[PDB]
Amino acid sequence: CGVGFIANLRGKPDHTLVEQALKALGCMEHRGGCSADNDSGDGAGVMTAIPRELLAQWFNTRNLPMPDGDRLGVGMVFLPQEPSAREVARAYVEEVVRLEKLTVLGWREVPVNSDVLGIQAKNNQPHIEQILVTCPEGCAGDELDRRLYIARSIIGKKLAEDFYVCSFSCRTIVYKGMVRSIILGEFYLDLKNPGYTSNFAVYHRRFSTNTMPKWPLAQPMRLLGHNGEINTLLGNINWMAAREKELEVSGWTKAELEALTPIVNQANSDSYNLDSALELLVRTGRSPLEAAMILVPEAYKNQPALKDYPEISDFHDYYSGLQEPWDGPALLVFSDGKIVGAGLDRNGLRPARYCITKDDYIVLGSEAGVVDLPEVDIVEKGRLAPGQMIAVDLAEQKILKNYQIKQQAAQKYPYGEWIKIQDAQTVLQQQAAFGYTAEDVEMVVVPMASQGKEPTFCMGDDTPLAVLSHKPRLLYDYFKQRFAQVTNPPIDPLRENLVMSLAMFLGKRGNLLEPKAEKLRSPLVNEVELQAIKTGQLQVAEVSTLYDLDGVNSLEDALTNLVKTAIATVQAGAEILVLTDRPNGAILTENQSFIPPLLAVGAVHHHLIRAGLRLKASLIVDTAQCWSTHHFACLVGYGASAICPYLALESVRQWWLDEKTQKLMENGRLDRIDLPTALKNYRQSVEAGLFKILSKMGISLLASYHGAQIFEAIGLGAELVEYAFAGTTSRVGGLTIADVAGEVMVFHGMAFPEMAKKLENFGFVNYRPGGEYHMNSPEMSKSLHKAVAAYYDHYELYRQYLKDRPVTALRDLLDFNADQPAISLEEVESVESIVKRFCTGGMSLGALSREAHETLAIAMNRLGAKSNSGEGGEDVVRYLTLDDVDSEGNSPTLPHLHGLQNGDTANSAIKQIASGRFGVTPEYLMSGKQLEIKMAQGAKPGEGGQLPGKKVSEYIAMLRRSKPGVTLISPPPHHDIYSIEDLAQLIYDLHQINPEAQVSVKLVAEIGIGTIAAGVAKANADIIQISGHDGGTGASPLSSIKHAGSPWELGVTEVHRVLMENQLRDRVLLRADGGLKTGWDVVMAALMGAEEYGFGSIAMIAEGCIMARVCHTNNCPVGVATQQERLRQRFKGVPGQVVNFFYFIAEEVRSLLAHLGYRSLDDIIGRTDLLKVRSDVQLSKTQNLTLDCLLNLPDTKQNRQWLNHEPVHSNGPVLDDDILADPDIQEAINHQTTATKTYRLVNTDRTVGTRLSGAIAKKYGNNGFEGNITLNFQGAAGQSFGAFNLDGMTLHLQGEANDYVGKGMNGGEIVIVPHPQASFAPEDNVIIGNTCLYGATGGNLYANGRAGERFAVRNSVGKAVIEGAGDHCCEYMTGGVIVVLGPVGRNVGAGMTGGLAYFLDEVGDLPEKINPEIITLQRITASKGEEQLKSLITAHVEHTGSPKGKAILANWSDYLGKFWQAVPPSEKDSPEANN
Ligand SMILES: Cc1cc2nc3c(=O)[nH]c(=O)nc-3n(C[C@H](O)[C@H](O)[C@H](O)COP(=O)(O)O)c2cc1C
Ligand code: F3S
């Protein structure tokens, strides 16, 4: 979406504003979507004041007296087209408008031209009329709106696509529609009438993820335009909706509150809900600014910019207790009519530029150069940093973030006033009972306890799902974490922790609406915090999570009573309920059985909501059965406000208090571990894991994660879910309350009846004979390895093990159901033809040895399929076909590979763009048939790539242009894609640089993917890939391998269905992967919707992986996942083996096509109707699964056209196309020419100069060019200005630019300069957006102006001078030189790992702001430092003329003093930070 406002303070309403408002929506067009029409838009809208002049003519014609401005009041109404129904509708409006003592002067029909709508939108178009109203008592502004608010909310109970009130006020009005942006005024004629005039205007261009427009969903709402995604929606709604009965305020009546009855609702969009909630806060006596701060509060902690403002620190501390944040990225834009303004999500994930004149004429919006003021008169040119609002007030005043927040700091204050004032070894079998296992403690509790970080592992989740396994499992295991993919970003929990919190509030949440004067650091609480708390504010009835045996028979009863006990106890005054499994002291064999802590905490939490009582108390779960990071997050997820994991804490006590352990600590394990540390490590590890999990979804506060239920269950059933976990999806439906009972029995049996010596080991993490099954055993793989190596008996073995297995994934419950006669292999398409559909899938060069990696590329190239470069860059040497190959199978260009032919190439068909941008270079991008945006990977969705330092050889360091020793943890988000439009932009950058390349977007299966893919389709992508949780990794958290992401059967299916329903299916190719190792696997993926099929681990195995499982170690005994030369030498494995492997899989595909009866995989894809549920299978845990989700897909027997895709989507006529169209092809082809050109830019002009860069890149790679093409530009530049700039390319910006300047820049220069006619201070005024220089790789950027956040985010070699910045300055920087000449927001060094930066922060406040995890603040001390800093600060001036530049430069000897230099422990010893 795009958004803004325009305000005029010092004038009376004019038309120009309206005019400008509309022009501005024009420039939002790329931030918006269109329907299947390619024409109707996802929405476009405009809020203004009442065009009291225009309405004047209605009154005249009717011979009627026009009421006072404060007393007129106007409904913009969408009504049924059908006459009879439109009168029923009209009669209702009036029925209720009359029910508040109001009077209807009548209706105005709204002049429209339906002829410009696109066929879809026109088909759907409601009939639009404005109702004009008054109060005979004499009501006014506030009171009238108050009544009108009540009115619209009542009419809202009948809301329908045909029947919706867009706005009903005496102050503002909304014209909005399913039109494309510049069509708005074309459609609504009122907006092109010179009688239309307003002081302000909010505008909004929407971007939806479907193709079926609903007029109400267009969007400036009744009160705000909202651009973003509430990632916490379910929680926020659930809390908000429990407030609903006890609403209570100043003289608002109890029946007037019961009138807004449901002020929020799961079925509406985050935005309709936000607007609603925000509305309620305003109508009950707060200004839009304040209420925003209540619901979408800043991150206030550690903010040195609130030194002088302890008011607002306190007014957040207060509310932080009352109301959880509506998280997710968000630019809000609102007007009361009285006030109008904008503010950002806590994290500042959307752009927001403002512009101000001498006459306080203000202009905010997602983009800089949009409403065209006369620059000679701009006074400020600002932006909102994360948290900031900016506002206007009718009494002619702008209002910057600070006065602002102070103004509700001043009032209702009590802030910092009312705040202040507020022994055996039974353990070894308790442990069994509560479900502990040999591995749970050895592999998880211990590592947390000893190293203080949850364990790391490799490879994918090999074993079957909880509901299909035969081994016992917790209830926790049935819940997979959901995470952010395109729709919204993850945040970095380590680099950006400063923004989060695990605080939790034990008080009962009172009244939001009344600020009356009348707290857990972390959710984990020790036996100490627990004693402490059980004193606390209130007493705290234990409810037995326990129950006896026989007679009071089932877990069904025990649950029931617990709820009743719980309900009953809360009624009787209890403000905290510790649910224990340890009531009155002890756990027995007669206390025979538990309510699993997750199942209880859901029950009491939902049942209480149904009781209308949750806001009353708050929940502590006091349990044994909770030790693992995930465990904790289920709990907080479904209710728990805090956890005392009394047994986990206990299992650490016993471990450290043990001879074996105590002994090793004297030599072997770290005897730097007093029991106080072993425990302080155990929790500090639990905390880092919570932080992590939240971040996977972009969530800052456990307070927000709390109600919200950020999971998708798999194998829970219909009633089980409704009872305990209401509103969580389980599209597969298994476990009954009985069945969960039966499971807890399975390991209740084994601590009690029997005997206790060591908890059992079930091969969960690591293959074992006795234990859980694994698709990839060291044995299956040696047998497959020897099979490929020949050219049989190993397939016997090999397939054998693959028969031998139980159910493992959902495709196993399925089977074929042919609909045509069997056929002969000889009719079927050839092995050669199928093999083109295969992909080897993208494992990084770091992760794998170059031997292993280059080999896959060769076999894949041979088959005419594709392999994939992972996130590691690619060695340039690879882009060349081999001649040097000789008789022995060796070749000088790649001396470490074997069995090469002479047509061979090791260049990767697919080239990956991941969050770290590691190799991402103009020629990189250009050697590449396809380009992949890695949104996420199956082993670890919310997270980002991970490369232990051990593995960063110099080679890897060279390829990644990063530092030899140093660990590489890439950022969770791409700093580039904070939203769907953002995605759309990156695709366009890519199509822009290599128009020839297809662009894929790689997602992980999880509920919601279908909706995301719809958007990706609309964002012009060429291929979507669905990865399952199955997938492999060279290193991930173990919790993640076992807990994040759903199965690809759910992914592909959903993507396939939603795209078909949305009519986008033809737009896009579907690649599926995750645990595919077999013809049958491919066929199942095909039936399910996939057209291409990916293989990681088996390609690996086929090259010689055993399944050691030590990838993260650098030890592959076998040369595959190491960088160690010794081990690499052991690499057996030749392209021919991976070639032959793929030919097997193919062959097996041909035979399946034969039993099914079709000639070609093309004929099969999507024919889900060829699947039936299998006759043999029975599970151990439940009677069956529901498989509607896999079987009910769109018929595909006839409609097969979606299977024909255009070769490559295009960016359209683009400015670069003209540039590349004159006398330039000379400066290029004659390797050495100068060329100057000059052009006007408007901010539709995106990615400028990038395609020229590609054109040069393609002919002389990164460095072959000695030309001097200069392109000077003027105006406001679009996203990605100068991206991937080469040497020999210089770009001039007379003007300003937007986000991502110099994204990917490789070489050359970019110079940006306000326009001379400015009269403002450059250094004091913004000139560039967020994420400039992103993964810069060389080149130089100079800019007189501030820049926004993440300046030089992942800079590897780029140099720059700017004059101020937002937060996250130099975020994951790694090399190069950044010079900043003005203030700079906080977190200034997060994970920066090499390179030098020099600030100059004269408020002197810099070290309070800096991130201290790694970089060090020095004062320039070494001369060559000076010399480095000068020539830069000088260059800037020679390219620019900077005033602050020239200043320092002539008083070189003064500013140079306190003026800090940032040194990563790595440039520590270099001629510029030492001597
Ligand atoms: C050792 C290893 C390293 C991987 N590295 C990456 C990575 O660099 N980027 C990425 O998108 N996927 C990576 N993957 C996942 C693959 O892209 C692919 O999706 C996955 O291997 C398919 O699952 P499968 O192993 O079951 O066949 C890696 C997988 C493994 C086995
Ligand atoms: S499991 Fe990994 S540790 Fe080596 S054996 Fe396979 S590459």
# chains A, B, ... in the order shown; residues from 1 in each chain; ligands from 1
$ select_by_dssp --residues "stretch 1003-1045 of chain A" --states "strand (DSSP E or B)" --output "mmCIF file with C-alpha atoms, in the first residue's frame"
data_model
loop_
_atom_site.group_PDB
_atom_site.id
_atom_site.type_symbol
_atom_site.label_atom_id
_atom_site.label_comp_id
_atom_site.auth_asym_id
_atom_site.auth_seq_id
_atom_site.Cartn_x
_atom_site.Cartn_y
_atom_site.Cartn_z
ATOM 1 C CA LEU A 1003 8.568 -19.946 0.682
ATOM 2 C CA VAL A 1004 8.123 -22.502 3.462
ATOM 3 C CA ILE A 1023 8.192 -19.234 -10.002
ATOM 4 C CA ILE A 1024 7.051 -19.958 -6.458
ATOM 5 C CA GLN A 1025 8.778 -22.763 -4.521
ATOM 6 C CA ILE A 1026 7.287 -24.383 -1.476
ATOM 7 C CA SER A 1027 9.644 -25.943 0.892
ATOM 8 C CA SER A 1036 20.086 -24.706 12.595
ATOM 9 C CA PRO A 1037 18.703 -24.652 16.111
ATOM 10 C CA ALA A 1044 9.034 -24.526 12.640
#
$ residues_around --residues "stretch 626-642 of chain A" --least-positions-apart "5" --cutoff "9 Å" --atoms "only C-alpha atoms" --output "tab-separated table (two decimals) with N, CA, C and O atoms, in the first residue's frame"
chain	number	residue	atom	x	y	z
A	434	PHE	N	6.41	-37.04	33.47
A	434	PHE	CA	6.12	-35.82	32.74
A	434	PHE	C	6.72	-35.81	31.32
A	434	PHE	O	6.80	-34.76	30.69
A	436	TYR	N	9.83	-36.39	29.92
A	436	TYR	CA	11.28	-36.37	29.74
A	436	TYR	C	11.83	-37.65	29.13
A	436	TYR	O	11.33	-38.74	29.35
A	440	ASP	N	16.06	-35.66	25.77
A	440	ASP	CA	15.58	-34.34	26.18
A	440	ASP	C	16.58	-33.70	27.14
A	440	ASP	O	16.87	-32.50	27.07
A	441	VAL	N	17.12	-34.50	28.04
A	441	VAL	CA	18.04	-33.91	28.98
A	441	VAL	C	19.49	-33.85	28.46
A	441	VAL	O	20.19	-32.86	28.69
A	444	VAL	N	19.53	-31.32	25.25
A	444	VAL	CA	18.78	-30.07	25.27
A	444	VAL	C	18.91	-29.36	26.62
A	444	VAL	O	19.37	-28.22	26.68
A	445	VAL	N	18.49	-30.01	27.71
A	445	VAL	CA	18.52	-29.33	29.01
A	445	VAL	C	19.97	-29.05	29.36
A	445	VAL	O	20.32	-28.00	29.89
A	454	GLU	N	20.49	-22.66	23.48
A	454	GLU	CA	19.91	-23.92	23.12
A	454	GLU	C	20.74	-24.57	22.01
A	454	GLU	O	21.32	-23.87	21.19
A	476	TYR	N	2.98	-30.74	23.12
A	476	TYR	CA	3.72	-29.65	22.52
A	476	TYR	C	4.12	-30.00	21.09
A	476	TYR	O	4.34	-29.12	20.28
A	477	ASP	N	4.24	-31.29	20.77
A	477	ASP	CA	4.91	-31.67	19.52
A	477	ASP	C	3.98	-31.60	18.33
A	477	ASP	O	4.36	-31.90	17.20
A	479	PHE	N	2.23	-28.98	17.63
A	479	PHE	CA	2.09	-27.54	17.37
A	479	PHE	C	3.40	-27.10	16.68
A	479	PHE	O	4.48	-27.28	17.26
A	481	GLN	N	5.56	-23.91	15.09
A	481	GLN	CA	5.63	-22.46	15.10
A	481	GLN	C	5.39	-21.91	13.71
A	481	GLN	O	5.82	-22.52	12.73
A	504	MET	N	6.13	-9.35	31.78
A	504	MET	CA	4.78	-9.90	31.85
A	504	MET	C	4.07	-9.27	33.04
A	504	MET	O	4.70	-9.03	34.07
A	505	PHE	N	2.78	-8.96	32.90
A	505	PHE	CA	2.09	-8.27	33.98
A	505	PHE	C	1.13	-9.14	34.75
A	505	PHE	O	0.21	-9.73	34.20
A	506	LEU	N	1.39	-9.27	36.05
A	506	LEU	CA	0.55	-10.11	36.90
A	506	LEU	C	-0.76	-9.48	37.40
A	506	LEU	O	-1.72	-10.19	37.68
A	520	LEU	N	6.53	-9.21	35.90
A	520	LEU	CA	7.59	-10.20	35.83
A	520	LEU	C	8.64	-9.77	34.86
A	520	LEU	O	8.31	-9.53	33.73
A	522	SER	N	10.83	-11.52	33.37
A	522	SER	CA	10.81	-12.53	32.34
A	522	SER	C	9.64	-13.45	32.66
A	522	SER	O	9.17	-13.47	33.79
A	523	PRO	N	9.19	-14.22	31.69
A	523	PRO	CA	8.11	-15.17	31.89
A	523	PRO	C	8.55	-16.37	32.71
A	523	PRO	O	7.70	-17.05	33.26
A	524	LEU	N	9.86	-16.64	32.74
A	524	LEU	CA	10.42	-17.71	33.58
A	524	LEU	C	10.61	-17.25	35.00
A	524	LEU	O	11.27	-16.24	35.27
A	525	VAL	N	10.06	-18.01	35.93
A	525	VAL	CA	10.15	-17.63	37.32
A	525	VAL	C	10.66	-18.80	38.13
A	525	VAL	O	10.13	-19.92	38.02
A	597	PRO	N	0.23	-29.45	30.61
A	597	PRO	CA	0.20	-28.04	31.00
A	597	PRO	C	-0.29	-27.13	29.90
A	597	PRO	O	-0.92	-26.11	30.20
A	598	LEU	N	0.01	-27.49	28.65
A	598	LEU	CA	-0.52	-26.82	27.49
A	598	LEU	C	-2.04	-27.00	27.36
A	598	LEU	O	-2.75	-26.04	27.06
A	599	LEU	N	-2.53	-28.22	27.62
A	599	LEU	CA	-3.95	-28.57	27.47
A	599	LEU	C	-4.78	-27.92	28.55
A	599	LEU	O	-5.90	-27.52	28.30
A	601	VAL	N	-3.70	-24.99	30.41
A	601	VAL	CA	-3.59	-23.55	30.13
A	601	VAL	C	-4.48	-23.05	28.98
A	601	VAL	O	-4.96	-21.92	29.02
A	602	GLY	N	-4.72	-23.88	27.96
A	602	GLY	CA	-5.67	-23.52	26.93
A	602	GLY	C	-7.05	-23.51	27.56
A	602	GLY	O	-7.73	-22.48	27.66
A	603	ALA	N	-7.45	-24.68	28.03
A	603	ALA	CA	-8.76	-24.83	28.63
A	603	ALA	C	-9.08	-23.65	29.54
A	603	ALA	O	-10.04	-22.93	29.28
A	604	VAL	N	-8.30	-23.43	30.60
A	604	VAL	CA	-8.73	-22.40	31.56
A	604	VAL	C	-8.81	-21.02	30.88
A	604	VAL	O	-9.68	-20.19	31.21
A	605	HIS	N	-7.92	-20.82	29.92
A	605	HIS	CA	-7.80	-19.54	29.21
A	605	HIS	C	-8.97	-19.30	28.27
A	605	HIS	O	-9.50	-18.22	28.27
A	606	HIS	N	-9.38	-20.31	27.50
A	606	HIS	CA	-10.55	-20.17	26.63
A	606	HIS	C	-11.86	-20.19	27.37
A	606	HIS	O	-12.65	-19.26	27.25
A	618	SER	N	-4.80	-13.52	35.98
A	618	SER	CA	-3.78	-13.83	35.01
A	618	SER	C	-3.03	-15.10	35.40
A	618	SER	O	-2.82	-15.35	36.57
A	619	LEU	N	-2.62	-15.91	34.43
A	619	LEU	CA	-2.22	-17.29	34.68
A	619	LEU	C	-0.71	-17.65	34.86
A	619	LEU	O	0.14	-17.30	34.03
A	620	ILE	N	-0.41	-18.34	35.96
A	620	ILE	CA	0.88	-18.97	36.17
A	620	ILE	C	0.70	-20.47	36.01
A	620	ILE	O	-0.10	-21.10	36.71
A	621	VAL	N	1.45	-21.04	35.07
A	621	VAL	CA	1.59	-22.49	35.00
A	621	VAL	C	2.88	-23.03	35.66
A	621	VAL	O	4.03	-22.78	35.23
A	647	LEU	N	10.47	-28.64	37.56
A	647	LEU	CA	11.25	-29.83	37.24
A	647	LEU	C	12.47	-29.56	36.32
A	647	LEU	O	13.57	-30.01	36.60
A	648	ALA	N	12.31	-28.83	35.23
A	648	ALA	CA	13.50	-28.51	34.43
A	648	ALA	C	14.60	-28.00	35.35
A	648	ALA	O	15.72	-28.54	35.37
A	649	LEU	N	14.28	-26.96	36.12
A	649	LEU	CA	15.23	-26.33	37.03
A	649	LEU	C	15.88	-27.43	37.89
A	649	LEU	O	17.11	-27.46	38.07
A	685	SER	N	19.17	-18.96	28.61
A	685	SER	CA	19.07	-19.72	27.40
A	685	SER	C	17.60	-19.84	27.02
A	685	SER	O	17.23	-19.53	25.89
A	686	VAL	N	16.74	-20.22	27.98
A	686	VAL	CA	15.28	-20.09	27.78
A	686	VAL	C	14.86	-18.70	27.26
A	686	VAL	O	14.14	-18.61	26.30
A	687	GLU	N	15.34	-17.62	27.86
A	687	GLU	CA	15.07	-16.29	27.32
A	687	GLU	C	15.53	-16.07	25.85
A	687	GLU	O	14.79	-15.52	25.02
A	688	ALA	N	16.74	-16.48	25.51
A	688	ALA	CA	17.19	-16.18	24.17
A	688	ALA	C	16.27	-16.91	23.15
A	688	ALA	O	15.96	-16.38	22.06
A	689	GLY	N	15.85	-18.12	23.52
A	689	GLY	CA	14.94	-18.90	22.70
A	689	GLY	C	13.55	-18.27	22.54
A	689	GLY	O	13.01	-18.28	21.44
A	690	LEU	N	12.95	-17.75	23.62
A	690	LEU	CA	11.73	-16.99	23.49
A	690	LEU	C	11.97	-15.82	22.53
A	690	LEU	O	11.28	-15.69	21.51
A	693	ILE	N	11.97	-17.08	18.96
A	693	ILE	CA	10.69	-17.54	18.45
A	693	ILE	C	9.84	-16.32	18.12
A	693	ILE	O	9.20	-16.28	17.03
A	694	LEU	N	9.83	-15.33	19.01
A	694	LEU	CA	8.99	-14.19	18.73
A	694	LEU	C	9.47	-13.55	17.43
A	694	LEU	O	8.66	-13.13	16.54
A	702	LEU	N	6.72	-10.36	24.20
A	702	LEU	CA	6.02	-11.52	24.72
A	702	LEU	C	4.62	-11.12	25.13
A	702	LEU	O	3.70	-11.94	25.01
A	703	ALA	N	4.45	-9.87	25.59
A	703	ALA	CA	3.13	-9.33	25.90
A	703	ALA	C	2.13	-9.42	24.72
A	703	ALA	O	0.90	-9.58	24.94
A	705	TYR	N	2.73	-11.71	22.27
A	705	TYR	CA	2.78	-13.09	21.78
A	705	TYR	C	1.78	-13.84	22.60
A	705	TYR	O	1.20	-14.82	22.16
A	706	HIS	N	1.56	-13.32	23.80
A	706	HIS	CA	0.71	-13.89	24.86
A	706	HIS	C	-0.66	-14.36	24.36
A	706	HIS	O	-0.84	-15.51	23.97
A	707	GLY	N	-1.65	-13.51	24.32
A	707	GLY	CA	-2.91	-14.07	23.86
A	707	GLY	C	-2.80	-14.84	22.54
A	707	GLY	O	-3.27	-15.96	22.44
A	708	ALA	N	-2.16	-14.18	21.56
A	708	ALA	CA	-1.99	-14.60	20.16
A	708	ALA	C	-1.64	-16.05	20.13
A	708	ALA	O	-1.12	-16.57	21.12
A	709	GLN	N	-1.93	-16.76	19.05
A	709	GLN	CA	-1.70	-18.18	19.18
A	709	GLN	C	-0.88	-18.60	18.03
A	709	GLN	O	-1.36	-19.34	17.21
A	710	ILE	N	0.37	-18.13	17.95
A	710	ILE	CA	1.11	-18.21	16.70
A	710	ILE	C	1.61	-19.59	16.33
A	710	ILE	O	2.77	-19.79	16.17
A	711	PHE	N	0.69	-20.53	16.17
A	711	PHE	CA	1.04	-21.91	15.86
A	711	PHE	C	0.04	-22.46	14.86
A	711	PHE	O	-0.97	-21.84	14.65
A	724	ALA	N	-9.64	-26.69	23.83
A	724	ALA	CA	-8.45	-26.15	24.45
A	724	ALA	C	-7.78	-25.01	23.71
A	724	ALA	O	-7.23	-24.11	24.33
A	725	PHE	N	-7.81	-25.07	22.37
A	725	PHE	CA	-7.05	-24.18	21.51
A	725	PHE	C	-8.01	-23.64	20.42
A	725	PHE	O	-8.07	-24.16	19.30
A	1039	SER	N	15.59	-26.77	17.95
A	1039	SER	CA	14.18	-26.56	18.22
A	1039	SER	C	13.47	-26.34	16.91
A	1039	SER	O	12.39	-26.89	16.67
A	1040	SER	N	14.13	-25.55	16.05
A	1040	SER	CA	13.69	-25.20	14.70
A	1040	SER	C	13.57	-26.35	13.72
A	1040	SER	O	12.71	-26.32	12.83
A	1043	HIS	N	10.46	-27.90	15.08
A	1043	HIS	CA	9.23	-27.14	15.41
A	1043	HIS	C	8.71	-26.03	14.46
A	1043	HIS	O	7.59	-25.54	14.63
$ residues_near_ligand --ligand "ligand 2" --cutoff "12 Å" --atoms "only C-alpha atoms and all ligand atoms" --output "PyMOL selection string"
chain A and resi 457-462+765-767+776-779+781-782+843+847-849+852+1032-1035+1096-1123+1127-1128+1131
$ write_last_selection --atoms "C-alpha atoms" --output "PDB file, in the first residue's frame"
ATOM      1  CA  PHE A 457      22.175 -29.210  14.918  1.00  0.00           C
ATOM      2  CA  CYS A 458      22.268 -30.161  11.255  1.00  0.00           C
ATOM      3  CA  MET A 459      20.148 -31.779   8.558  1.00  0.00           C
ATOM      4  CA  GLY A 460      16.326 -31.880   8.384  1.00  0.00           C
ATOM      5  CA  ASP A 461      13.589 -33.382  10.543  1.00  0.00           C
ATOM      6  CA  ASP A 462      13.945 -36.952   9.384  1.00  0.00           C
ATOM      7  CA  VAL A 765      17.693 -36.428  17.152  1.00  0.00           C
ATOM      8  CA  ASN A 766      19.970 -39.141  15.818  1.00  0.00           C
ATOM      9  CA  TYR A 767      19.371 -42.508  14.249  1.00  0.00           C
ATOM     10  CA  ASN A 776      17.918 -40.986   6.205  1.00  0.00           C
ATOM     11  CA  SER A 777      19.943 -43.639   8.087  1.00  0.00           C
ATOM     12  CA  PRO A 778      23.752 -44.200   7.643  1.00  0.00           C
ATOM     13  CA  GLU A 779      22.716 -47.534   6.133  1.00  0.00           C
ATOM     14  CA  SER A 781      22.494 -44.039   2.251  1.00  0.00           C
ATOM     15  CA  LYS A 782      25.639 -46.230   1.958  1.00  0.00           C
ATOM     16  CA  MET A 843      23.076 -25.404  -0.418  1.00  0.00           C
ATOM     17  CA  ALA A 847      28.074 -25.166   3.964  1.00  0.00           C
ATOM     18  CA  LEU A 848      29.258 -27.691   1.451  1.00  0.00           C
ATOM     19  CA  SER A 849      32.885 -28.165   0.332  1.00  0.00           C
ATOM     20  CA  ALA A 852      30.735 -31.286  -3.344  1.00  0.00           C
ATOM     21  CA  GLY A1032      18.055 -29.979   5.384  1.00  0.00           C
ATOM     22  CA  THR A1033      20.618 -27.592   6.748  1.00  0.00           C
ATOM     23  CA  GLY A1034      24.253 -27.353   7.462  1.00  0.00           C
ATOM     24  CA  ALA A1035      23.261 -25.700  10.755  1.00  0.00           C
ATOM     25  CA  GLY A1096      18.982 -31.506  -1.302  1.00  0.00           C
ATOM     26  CA  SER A1097      19.976 -34.301   1.095  1.00  0.00           C
ATOM     27  CA  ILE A1098      19.631 -37.102  -1.472  1.00  0.00           C
ATOM     28  CA  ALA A1099      21.730 -35.259  -4.017  1.00  0.00           C
ATOM     29  CA  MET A1100      24.113 -34.968  -1.093  1.00  0.00           C
ATOM     30  CA  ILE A1101      23.806 -38.702  -0.176  1.00  0.00           C
ATOM     31  CA  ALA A1102      24.318 -39.622  -3.826  1.00  0.00           C
ATOM     32  CA  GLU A1103      27.684 -37.823  -3.603  1.00  0.00           C
ATOM     33  CA  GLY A1104      28.806 -39.674  -0.517  1.00  0.00           C
ATOM     34  CA  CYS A1105      27.076 -38.282   2.560  1.00  0.00           C
ATOM     35  CA  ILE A1106      26.695 -40.917   5.154  1.00  0.00           C
ATOM     36  CA  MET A1107      24.271 -39.431   7.541  1.00  0.00           C
ATOM     37  CA  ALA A1108      27.034 -38.556  10.076  1.00  0.00           C
ATOM     38  CA  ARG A1109      25.155 -35.402  11.117  1.00  0.00           C
ATOM     39  CA  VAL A1110      27.961 -33.116  12.062  1.00  0.00           C
ATOM     40  CA  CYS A1111      27.559 -30.523   9.306  1.00  0.00           C
ATOM     41  CA  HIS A1112      27.855 -27.691  11.646  1.00  0.00           C
ATOM     42  CA  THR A1113      31.158 -29.124  12.897  1.00  0.00           C
ATOM     43  CA  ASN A1114      33.328 -28.919   9.793  1.00  0.00           C
ATOM     44  CA  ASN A1115      34.100 -32.554  10.214  1.00  0.00           C
ATOM     45  CA  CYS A1116      32.173 -34.419   7.378  1.00  0.00           C
ATOM     46  CA  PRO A1117      34.212 -37.545   7.405  1.00  0.00           C
ATOM     47  CA  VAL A1118      33.523 -37.592   3.715  1.00  0.00           C
ATOM     48  CA  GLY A1119      34.427 -34.185   2.202  1.00  0.00           C
ATOM     49  CA  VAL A1120      30.930 -32.947   1.601  1.00  0.00           C
ATOM     50  CA  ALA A1121      30.176 -30.393   4.286  1.00  0.00           C
ATOM     51  CA  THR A1122      33.724 -29.335   5.240  1.00  0.00           C
ATOM     52  CA  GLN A1123      36.113 -26.647   4.395  1.00  0.00           C
ATOM     53  CA  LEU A1127      38.665 -34.068   4.787  1.00  0.00           C
ATOM     54  CA  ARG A1128      37.945 -32.581   1.352  1.00  0.00           C
ATOM     55  CA  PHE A1131      35.735 -36.629  -1.307  1.00  0.00           C
TER      56      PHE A1131
END
$ atom_distance --atom1 "atom CA of residue A:714" --atom2 "atom 1 (C, counted along the ligand's line) of ligand 1"
26.3 Å
$ closest_residue --among "A:1060, A:845, A:1154, A:183" --to "ligand 1" --atoms "only C-alpha atoms and all ligand atoms"
A:845
$ residues_around --residues "residue A:798" --least-positions-apart "3" --cutoff "10 Å" --atoms "only C-alpha atoms" --output "list in words"
residues 779, 780, 781, 782, 783, 784, 785, 786, 787, 792, 793, 794, 795, 801, 802 and 803 of chain A
